[PDB]
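Heads up: the sequence shown at position 71 corresponds to 71 in PDB author numbering, and the numbers run straight through without jumps.
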Amino acid sequence: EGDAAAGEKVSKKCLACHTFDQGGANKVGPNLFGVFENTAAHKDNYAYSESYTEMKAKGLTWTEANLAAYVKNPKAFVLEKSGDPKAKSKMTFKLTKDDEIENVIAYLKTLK
Ligand code: HEC
Numbered sequence: 001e002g003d004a005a006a007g008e009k010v011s012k013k014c015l016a017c018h019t020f021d022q023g024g025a026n027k028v029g030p031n032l033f034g035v036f037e038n039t040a041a042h043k044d045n046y047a048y049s050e051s052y053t054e055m056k057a058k059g060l061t062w063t064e065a066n067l068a069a070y071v072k073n074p075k076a077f078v079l080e081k082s083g084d085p086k087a088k089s090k091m092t093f094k095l096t097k098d099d100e101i102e103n104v105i106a107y108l109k110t111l112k
């Protein structure tokens, strides 16, 4: 699903916090090149909330279905999938429109 050319437009919503180029800086959140199909807590130089280290332990990977649930409500996601009731997420920003979600994902699949 998903027009990755509409997804690149949508992604402009993420750019205050994230960069998308390979080797790019960790501005507020981690750089997201390579995120697709990679583990949770994928960037070794970023200090993630413990909750993302615990999805990583459980072997969660960023599939199209897990990105879709996550970007809709990051905080509910990391509670659910970590199984840690005191789970925190520094993200918080949500996408609420389904077309937007599917399009953003289609563009994250182009970045490795
Ligand atoms: C716009 C639609 C986006 C998208 C596609 C992503 N975010 Fe963020 N994000 C932020 C923070 C501070 C983090 C780390 C959270 C913490 O450790 O508690 C993240 C993390 C991500 C991920 C997970 C990457 C991983 O390696 O597990 C993903 C897939 C992701 N984001 C996608 C901060 C921000 C924002 C700051 C206000 C904004 C806006 C976004 N993120 C927007 C998006």
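All residues carry an ideal CB built from backbone N, CA and C; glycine is no exception.
Asked: Close Cβ partners of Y46 (< 6 Å) along its chain, the five nearest in sequence each way excluded; Found: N26 and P30
Asked: Segment contact, 8 Å Cβ cut-off, at least three pairs: the stretch 67–76 with the stretch 87–105; Found: yes
Asked: As assigned by DSSP and simplified to three states, the class of residue 113; Found: Residue 113 lies beyond the range of the chain shown here (1 to 112); nothing can be said about it.
Asked: For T53, three-class secondary structure by DSSP; Found: helix
Asked: Pairwise C-alpha distance: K58 and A87; Found: 14 Å
Asked: Near the ligand HEC: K90 beta-carbon under 6 Å from a heavy atom; Found: yes
Asked: With 16 other Cβ atoms within 10 Å as the buried cut-off, status of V28; Found: exposed
Asked: Burial state of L95, where buried means 16 or more other Cβ atoms lie within 10 Å; Found: buried
Asked: Cβ pair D21, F33 closer than 7 Å; Found: yes
Asked: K13 beta carbon near the ligand HEC (any heavy atom closer than 6 Å); Found: yes
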